[PDB]
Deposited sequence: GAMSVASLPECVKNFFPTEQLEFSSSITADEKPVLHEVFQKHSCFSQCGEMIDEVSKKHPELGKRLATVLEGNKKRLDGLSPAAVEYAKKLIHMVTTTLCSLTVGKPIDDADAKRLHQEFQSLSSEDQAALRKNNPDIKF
């Protein structure tokens, strides 16, 4: 639909939480230009205020994505949390680029996969338990 999520490289799609993908699917043709206008001011914490100013319902849906992402960090070790924040940074940057029409470089996603592989078995299992929908 408006967002073109399917056009993303596979290794990038692998890391997307469900809530980001469901949000992207939901974007209507008149909603996308709202995200474009707002994200073009920057390079979501703070995006929410600006988006909601323009389109309350869209901003509500964006806030729900961020609320969703929080749960995924619960109970994780310092190393696993460091990893997860890098994963979400990758996903955020991508979705912003997709929205504004910048190219997508999947090198950051290949780095995430390599990094996951060198985590302890206990941290890999904890990440999978908190994110059963992600292909690490």
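Missing from the model, relative to the deposited sequence, is only the stretch 44 to 47.
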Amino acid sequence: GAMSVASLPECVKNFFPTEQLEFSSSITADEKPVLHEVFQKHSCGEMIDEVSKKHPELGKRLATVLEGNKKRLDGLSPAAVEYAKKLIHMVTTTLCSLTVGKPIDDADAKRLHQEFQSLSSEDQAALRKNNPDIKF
From here on, numbers count along this sequence of modelled residues.
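The stretch 1 to 9 shows the higher mean C-alpha B-factor when 127 to 135 is compared against 1 to 9 in the entry. For the pair 65 to 73 and 80 to 88, the record assigns the higher mean C-alpha temperature factor to 65 to 73. In the deposited entry, the Cα temperature factor of residue 20 places it in the lowest third of its chain's modelled residues. Split the chain's modelled residues into thirds by C-alpha temperature factor. Residue 60 is in the middle one. Per the deposited record, the Cα B-factor of residue 109 falls in the lowest third when ranked against the other modelled residues of its chain.
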